[PDB]
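J.:
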Amino acid sequence: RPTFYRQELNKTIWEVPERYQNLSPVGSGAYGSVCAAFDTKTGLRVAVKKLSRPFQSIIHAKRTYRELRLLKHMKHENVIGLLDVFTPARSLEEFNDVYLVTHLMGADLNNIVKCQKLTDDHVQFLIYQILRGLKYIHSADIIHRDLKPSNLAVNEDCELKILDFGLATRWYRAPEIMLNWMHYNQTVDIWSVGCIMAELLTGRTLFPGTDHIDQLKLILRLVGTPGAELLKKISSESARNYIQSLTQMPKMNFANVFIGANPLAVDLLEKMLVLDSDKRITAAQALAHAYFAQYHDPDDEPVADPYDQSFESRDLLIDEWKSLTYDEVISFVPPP
Ligand SMILES: CN(C)c1cc(-c2ccncc2)c(-c2ccc3ccccc3c2)nn1
Ligand SMILES: Fc1ccc(-c2n[nH]cc2-c2ccncc2)cc1
Ligand SMILES: Fc1ccc(-c2n[nH]cc2-c2ccncc2)cc1
Ligand SMILES: [Zn+2]
């Protein structure tokens with residue numbers, strides 16, 4: 005076991021191995037807090053996340069396990085992964101805190117688009133990277149579900165990573193989720209990418225809904241109200257009544273709406289912002305789109321190893337989730 009040292013930062017206690025020095029608070033979330041630090045062992049700047057109340061309930065405990073299982077599995081350039089995971093606990097009985105370590109990332113996509121507007125080359129590179137990461141995640145039968153600019157880490161070099169997804185959101189959400197459809201698919205994430213891309217090209221939020229109903233309205237005004245084929249798939253009586261009760265609207269001409277943008281980007285946007293999710297382009301297909309000809313390489317867009325999500329259907333005791341999480345901490349093998 006390594007030697008740990010203790011300190012308090014922004015009301016939070018950090019108990020970390022001596023190898024991590026110069027801890028500096030980067031921010032706090034509802035699920036944990038993060039410090040930037042220097043990893044003396046590798047010479048790298050890292051971000052250290054201390055999970056908040058990881059075993060407070062069955063929900064937290066299961067979430068903590070999910071987070072650790074997912075992060076231990078993600079090994080891809082465009083997906084946040086683990087350099088280290090540790091706990092100051094010396095045994096399972098005293099196990100109460102979990103710390104996660106990854107490469108320090110300087111900013112998020114929201115910071116970038118917010119000041120100022122991006123060149124077409126940057127939009128190509130940034131979206132390409134999202135999609136490359138998404139291909140990988142999707143290949144593991146995982147759906148991100150909450151992709152948005154604040155969840156995309158980007159460094160000075162324009163390198164991008166999808167964050168732990170894992171642990184207003186509304187604006188980037190697929191319309192079928194606004195309708196509370198219980199059987200949405202992986203293309204909910206493609207919808208989000210389309211919204212992000214649009215924003216990077218125009219400098220404006222595409223669908224700034226004030227609530228779920230307004231969100232749906234803004235979406236239908238751009239893409240049109242659903243046609244017959246899509247209406248047939250809506251099992252909910254009330255949702256169908258509502259939708260069909262709306263003044264019918266035509267799909268707008270994307271070339272006109274995003275005029276000035278690279279026509280290839282407009283073409284791709286149209287393939288991503290398809291109302292019927294069964295007809296939306298997938299991440300793998302999007303990577304092959306001509307818009308990314310300068311970046312696409314089918315021999316360098318890997319898929320993920322199989323990911324066992326069976327635990328998701330289990331109803332276990334807090335101590336069981338805790339012990340499973342503890343095993344995962346102890347079995348972690350750092351990357352080379
Ligand atoms: C912006 N946001 C919601 C973030 C931003 C970060 C972050 C900030 C700076 N560099 C890297 C990440 C982490 C975060 C921070 C540390 C992490 C450590 C291990 C695994 C995942 C981690 C995720 N989690 N969420
Ligand atoms: F005014 C109304 C009328 C009907 C609905 C409704 N019934 N089922 C689903 C919905 C609905 C409508 C808009 N956005 C999400 C869900 C919501 C508001
Ligand atoms: F108004 C809309 C907006 C989106 C959808 C939609 N797109 N893909 C799947 C659906 C959908 C929504 C509700 N129930 C089944 C399927 C359907 C109607
Ligand atoms: Zn909670």
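What the sequence shown shows, in UniProt numbering, is residues 5 to 171, 184 to 352, in sequence order.
Idealized CB from N, CA, C, for every residue including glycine.
Taking 8 angstroms as the cut-off, decide whether the C-beta atoms of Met265 and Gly243 are in contact.
T.: No, they are not a contact pair.
J.: What span of residues does the alpha helix (DSSP H) with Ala299 cover, start to end?
T.: Where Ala299 is concerned, the enclosing alpha helix (DSSP H) stretches over 299 to 303.
J.: Of the choices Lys295, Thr218, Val89, whose alpha-carbon is the least far from that of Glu344?
T.: Per the Cα distances, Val89.
J.: Give, in chain order, every unbroken run of the alpha helix (DSSP H) that is at least 4 residues long and sits entirely within the stretch 12 to 77.
T.: Complete alpha helix (DSSP H) runs here, min 4: 62 to 77.
J.: Could you tell me which uninterrupted alpha helix (DSSP H) segments, each at least 4 residues in length, are contained entirely in the stretch 276 to 347, listed from first to last along the chain?
T.: With a minimum length of 4 residues, the continuous alpha helix (DSSP H) runs that stay inside the stretch 276 to 347 are 279 to 288, 299 to 303, 334 to 346.
J.: From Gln325 to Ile346, what does the alpha carbon distance come to, in whole angstroms?
T.: Whole-angstrom Cα-Cα distance: 20 angstroms.
J.: Please report how far the alpha carbon of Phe42 lies from the alpha carbon of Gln25, in whole angstroms.
T.: Answer to the nearest angstrom: the Cα atoms are 5 angstroms apart.
J.: Report the start-end ranges of each beta strand (DSSP E) in the stretch 90 to 134 that is 3 residues or longer and not cut off at the edges.
T.: Listed in chain order, they are 103 to 107.
J.: I need the DSSP call for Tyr200, collapsed to helix, strand or coil.
T.: Looking at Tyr200 - three-state DSSP - the assignment turns out to be coil, as it is neither helix nor strand.
J.: Looking only at its chain, what residues have a beta carbon closer than 8 angstroms to the beta carbon of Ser293, apart from the 5 residues adjacent to it on each side?
T.: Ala190, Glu192, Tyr200, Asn201, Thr203, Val204, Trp207.
J.: Ignoring anything shorter than 4 residues or poking outside the stretch 198 to 235, list the alpha helix (DSSP H) runs there in chain order.
T.: With a minimum length of 4 residues, the continuous alpha helix (DSSP H) runs that stay inside the stretch 198 to 235 are 204 to 218.
J.: Evaluate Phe223 with the Cβ neighbour count: other Cβ atoms within 10 Å of its Cβ, from every protein chain shown; 16 or more gives buried, anything less gives exposed.
T.: Buried is the call here.
J.: Looking at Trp337 and ligand 3, is the gap between the Cβ and the nearest heavy atom below 7 angstroms?
T.: Checking every heavy atom of ligand 3 against the Cβ of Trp337, none is found closer than 7 angstroms.
J.: Taking 7 angstroms as the cut-off, does the CB of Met288 come closer than this to any heavy atom belonging to ligand 2?
T.: Answer for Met288: no, Cβ out of range of ligand 2.
J.: Nearest to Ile235 by alpha carbon, out of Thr16, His107, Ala306, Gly210?
T.: It is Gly210.
J.: If I'm right that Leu113 touches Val158 with Cβ under 8 angstroms, what's the distance once you round it to whole angstroms?
T.: Right, their Cβ atoms sit about 6 angstroms apart.
J.: Grab me the residues of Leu27's own chain with a C-beta within less than 8 angstroms of its C-beta, minus the 5 sequence neighbours each way, in chain order.
T.: If we look at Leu27 and ignore the five residues flanking it on each side, its Cβ neighbours are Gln11, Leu13, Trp18, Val20, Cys39, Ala40, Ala41, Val52.
J.: Check whether the Cβ of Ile229 sits closer than 7 angstroms to any heavy atom of ligand 2, and report yes or no.
T.: Because some heavy atom of ligand 2 lies under 7 angstroms away, the Cβ of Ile229 counts as near it: yes.
J.: I need the boundaries of the beta strand (DSSP E) containing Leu262, first residue and last residue.
T.: Where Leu262 is concerned, there is no enclosing beta strand (DSSP E), given that its DSSP letter is neither H nor E.
J.: Round the Cβ separation of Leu75 and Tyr342 to the nearest angstrom and send it over; I've been treating them as touching at under 8 angstroms.
T.: Actually they are not in contact, since the Cβ atoms of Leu75 and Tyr342 sit about 15 angstroms apart, beyond 8 angstroms.
J.: With the cut-off set at 8 angstroms, would you say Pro153 and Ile212 are in Cβ contact?
T.: Cβ atoms of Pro153 and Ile212: closer than 8 angstroms.
J.: Report yes if the C-beta of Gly137 is less than 7 angstroms from at least one heavy atom of ligand 1; otherwise report no.
T.: No.
J.: Tell whether a beta-carbon distance below 8 angstroms holds between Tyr140 and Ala320.
T.: Contact: yes.
J.: Along the chain, where does the beta strand (DSSP E) containing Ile146 start, and where does it finish?
T.: Counting along the chain, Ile146 falls outside any beta strand (DSSP E), and DSSP gives it neither H nor E.
J.: Here's the rule I'm using: 16 or more other beta-carbon atoms within 10 Å means buried, otherwise exposed. How should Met194 be labelled?
T.: So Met194 ends up on the buried side.
J.: Compute every distance between the C-beta of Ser347 and the non-hydrogen atoms of ligand 1, then say whether any falls below 7 angstroms.
T.: No, since every heavy atom of ligand 1 falls outside the 7 angstroms radius drawn around the Cβ of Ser347.
J.: In the DSSP assignment, find the beta strand (DSSP E) that holds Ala157 and state where it starts and stops.
T.: That run of the beta strand (DSSP E) goes 156 to 158.
J.: With a CB to CB cut of under 8 angstroms and the five nearest residues on each side skipped, what residues in its chain are close to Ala271?
T.: Answer for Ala271: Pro279, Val282, listed in chain order.
J.: Report the rounded CA-to-CA distance for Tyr132 versus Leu122, giving the unit in angstroms.
T.: Computed Cα separation, rounded: 14 angstroms.
J.: Please name the residue or residues paired with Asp88 in a DSSP beta bridge.
T.: According to DSSP, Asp88 bridges with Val105.
J.: Out of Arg67, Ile63, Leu164, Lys267, state which residue places its alpha-carbon closest to the alpha-carbon of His107.
T.: The shortest C-alpha separation from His107 is found at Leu164.
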